[PDB]
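Below sits a lone chain in structure tokens, taken as the form solved without ligand THM.
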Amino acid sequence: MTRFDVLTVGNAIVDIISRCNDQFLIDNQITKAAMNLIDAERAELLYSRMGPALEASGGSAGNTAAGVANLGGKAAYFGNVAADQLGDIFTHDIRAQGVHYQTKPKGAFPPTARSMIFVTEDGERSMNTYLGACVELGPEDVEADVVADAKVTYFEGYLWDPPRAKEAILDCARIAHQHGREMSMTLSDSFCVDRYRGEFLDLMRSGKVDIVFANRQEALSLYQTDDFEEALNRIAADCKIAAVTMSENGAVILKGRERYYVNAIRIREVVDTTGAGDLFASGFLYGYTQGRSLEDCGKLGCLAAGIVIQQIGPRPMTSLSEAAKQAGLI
């Protein structure tokens, strides 16, 4: 037996969520649908203009770990918060979901990362992230026994922004592979891909990453193309398994020459897209580590993603395991 199905690694963030009109994004030069990095001064400025908000634990990989636990899988998470109230919230929420979380805060400054997420009327989310304590994550935060004992270790492309997180990831890759485990990454965001295009390709081609998650926008960015079919062929050539999401058009799972298309759930109304990709990865990786077919992994991913976009906030407040049972995915 193994201790963990999925270890995830990412920027530990608390989300600050509000609604806005379309003009707000233009007025404040916020790139729509993207992760916009911001400094402390810009954080203060944007917050001063933001309406009344709700807070909820976030972080892309944090959400993915929570989702795996919610489905009934065994999950762990590495990510660095500060010894402050936001860090206490983050710690509580992830542990309360039944995710192993033991990364120790290093101090009160920089403070715990937060992301001001503006949700427009169409349900799109535009994130504005002050990394704070995330900049401190490094090799010292790798719990080697956890990596050794996890079927899959999954990490964010977003980790390439803070300075030393990549060193922790390279350590994880070494340990995972020495123990016959698999490594997975998400491309995270199309501008993130643009920042780290060559590095991401190298991760895949060198075999440090076995399973890659992308959406359409990320895949097009990765190969600098408007040809989605080219992007699919290239990504299949670059990694052992690729899971590519296409929003309302569902998803496609690629392995060598194999392609498995999955339909998206028909949605009544798109409330807030925050967490869609994260929860697709939850469903996929839960299925993968239970030995399910690639198609069924895709189905579980679409189920989880469809649920999270029908609520405000990034982590499903309902039972994913119950939903999967009703769906005959069990």
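Residue indices: 1-based, along the sequence shown.
From this point on, the text means the form deposited with ligand THM bound, which you will not see here.
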Original post:
Does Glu167 reach ligand THM in the deposited bound form, with heavy atoms at most 4.5 Å apart?
Top reply: no
**OP:** Determine whether any heavy atom of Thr120 comes within 4.5 Å of a heavy atom of ligand THM in the deposited bound form, and answer yes or no.
**Re:** no
Original post:
Any of the heavy atoms of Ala69 lying within 4.5 Å of ligand THM in the deposited bound form?
Top reply: no
Original post:
Though only this chain appears here, would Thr245 touch ligand THM in the deposited bound form if you measure heavy atom gaps against 4.5 Å?
Top reply: yes
Original post:
Looking at ligand THM in the deposited bound form, do all three of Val212, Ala237 and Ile241 come within 4.5 Å of it through at least one heavy atom?
Top reply: no
Original post:
Taking heavy atoms and a 4.5 Å limit, what residues of 271 to 301 are near ligand THM in the deposited bound form?
Top reply: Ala276, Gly277, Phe280
